[PDB]
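So this first bit is one chain, no partners, the form deposited in one PDB entry, shown in structure tokens.
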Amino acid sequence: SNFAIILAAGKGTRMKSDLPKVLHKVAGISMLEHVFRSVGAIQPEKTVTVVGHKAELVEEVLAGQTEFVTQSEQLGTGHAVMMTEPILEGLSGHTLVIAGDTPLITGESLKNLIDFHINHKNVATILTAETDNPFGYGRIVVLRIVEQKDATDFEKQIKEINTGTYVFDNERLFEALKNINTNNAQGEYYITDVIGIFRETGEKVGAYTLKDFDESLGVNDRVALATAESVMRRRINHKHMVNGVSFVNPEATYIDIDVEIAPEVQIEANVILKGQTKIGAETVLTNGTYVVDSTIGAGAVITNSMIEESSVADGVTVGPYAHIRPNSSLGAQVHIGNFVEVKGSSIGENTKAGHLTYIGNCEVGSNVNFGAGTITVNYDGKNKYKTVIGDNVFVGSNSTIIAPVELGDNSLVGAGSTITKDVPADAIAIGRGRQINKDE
């Protein structure tokens, strides 16, 4: 009963990019994916995306749930939708035609668009909006969509404009296109021509007006791309605020569309949350914090730090200026202070690494203490090695732990030491020279 056609064929030269226009991201995902998500709201029985230049590229990612069709020749929107003929020809119902570059339209508006369509038995309904600066846009007279050039000194005053989003009765849509194309006397034909045909035939043409004009934004250049990110950012942050998350400045906090955040979390300005990130209850995120594809538990405090593809338990304190790199896990109540880098290591609960430390490829136990300046070495030039540090070990400041090596439970390393051999449990490893003063 409901069908959807997504127009996603290049031609976006104002973007000054080699990437297909619809692949440019907005709050974490491509414009095309935001459009697929809105389209899902109408629960279309079938969906077809017309692609073009770098066709496979657009398919080489956001594929699967959707049928694709390629157009090797660009002859306008009419032609583009004509390329979906092989799949929608004959079926009865309602067909939504939408551009892959209008990422701000919501599922709720698409739905209101169809409802209106049916509630008036229209043959075609134009999604429209009102602006005080109609310049350029096609004007809505419903009788006909007058273009800017073909507009009369009078018509150039119509506030209501065409958003380029439509709903047509599937049977008549392909008919009109088939017709226009042959008796067009021109090469390229636009989808708005079909609106012209229903005018001739006296068929019913409705128009749904959007409440918010800004949701109709079509992205043609990077100025409109930034505007899209601005609206999407406000939308995302608004939902988080209604859900109990505090923002010092929601106009300057950057949270991707799929990030999950528990109520009571507090977010200072200029925090960045990307990908599949998740934040537990009562966690505090301070200015400069940057988190990507990670999980942060409840009661944590992340201070001006960078966390990537890692997991952080409840009550962890990180920062300021720490870097938690891929595949690290920080156990409950762990503390990572300033200028510490943790990479590919698991760290047991209550362990502390408060300063200028590098921990890579280690399995670390609980209640371990890393003195300021501790460095793990697990790279020789071609191969890496792992290090095991037991529970309750004390690693003196400015030490160098050279892997492969193991430190047993409760062992201790003296400051300034260089460890090259296993240190047994309860032992004490020292590898530093003796001090020698010299008067005058």
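One rule holds for the numbers: they count along the sequence shown, beginning at 1. Think of the rigid core as the biggest set of C-alphas that the two forms share within 1.5 Å after superposition.
There is another form of this protein, the form solved in complex with a small molecule, and it is not shown here; the text below is about that form.
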Distance check, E308 to the small molecule in the deposited bound form, heavy atom within 4.5 Å: no
Within 4.5 Å, heavy atoms only: does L75 come near the small molecule in the deposited bound form? yes
Decide whether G10 counts as a contact residue for the small molecule in the deposited bound form under a heavy atom distance cut-off of 4.5 Å. yes
Quick one: is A129 in contact with the small molecule in the deposited bound form, heavy atoms, 4.5 Å cut-off? no
Hey, of 157-165, 261-269, 116-124, 248-256, which bit sits against the small molecule in the deposited bound form at 4.5 Å between non-hydrogen atoms? 157-165
Can all three of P44, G90 and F174 be found with a heavy atom no more than 4.5 Å from the small molecule in the deposited bound form? no
Would you kindly say which of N220, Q333, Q276, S346 lies with a heavy atom within 4.5 Å of the small molecule in the deposited bound form? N220
Counting any non-hydrogen atom inside 4.5 Å, which residue from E147, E282, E85, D214 sits next to the small molecule in the deposited bound form? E147
Residue from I118, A298, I158, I272 whose Cα, after superposing the rigid core, lies 2 Å or more away between this form and the one not shown: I158
Comparing between this form and the one not shown on the rigid core: C-alpha of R234 shifted by 2 Å or more? no
Indicate whether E147 shows a C-alpha shift of 2 Å or more between this form and the one not shown, with the rigid core used for the fit. yes
Core-aligned CA displacement of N369 at least 2 Å between this form and the one not shown: no
Can you confirm the direction of the Cα distance change for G136 and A224 in the deposited bound form, closer or farther than in this form, given it is 3 Å or more? closer
Note on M82-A185 C-alpha separation in the deposited bound form, which departs from the shown form by 3 angstroms or more: farther
